[PDB]
């Protein structure tokens, strides 16, 4: 579908969180069929961010999911034209974010482009996000489900951002995934398990960090 075992990618995110504007760019290398990716981000406007970077992590691609042969891979089937997705983030302390992403494969470059718009508000000044008290998202299991009359998928995952003191901070992710062309095949409902990690790489020059994700699709374990 215009894809190879190893690919590069590019990222552009513009956002506003609690009224703070920012632009982030980045690049990475991934293995679409192994569901693995490693990416490096740099805050080119609005740095240093007054809020935890961890809230942005999921806003930077389900092409990078190891799918078994007997589950339709809606995301690779959408390539190379690609797909768009929209996601709401509902945090336990009343904060709300929305992210929209447009994904396109460049077959000429073997490179997957990502353009994001990220908007969020109502993070309490004294909460773990504005106080930068977060460390990493916990590993998760997302439910993926088809909307057959519409040729789109929905995702549903209850997420936990782990805190410096050892506590957890919950966020409900609800996602709509939409191929750019009408799919011939639709998957049945299944799960995707994720593990996403951040490592800071900031220095005198820029705020920057590395994200790594490993994702695998699974059917229900029950016969």
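Residue numbers count along the first chain shown, from 1.
According to the entry, the deposited sequence runs straight from residue 67 to residue 68 with no unmodelled residues in between.
Across the two stretches, 43 to 51 and 172 to 180, the PDB entry reports the greater mean Cα temperature factor for 43 to 51.
Taking the PDB entry at face value, the top CA B factor among 164, 154, 195, 190 belongs to 164. Highest CA B-factor among 90, 144, 111, 141, as stated in the entry: 111.
For residue 86, the recorded CA B-factor ranks within the lowest third of the chain. Only modelled residues enter the ranking. Among the modelled residues of its chain, residue 94 has a C-alpha B-factor that falls in the lowest third according to the deposited record. When the modelled residues of the chain are ordered by their C-alpha B factor, residue 72 lands in the middle third. When the modelled residues of the chain are ordered by their C-alpha B factor, residue 20 lands in the highest third. In this PDB entry, residue 211 carries a Cα temperature factor that places it within the lowest third of its chain's modelled residues.
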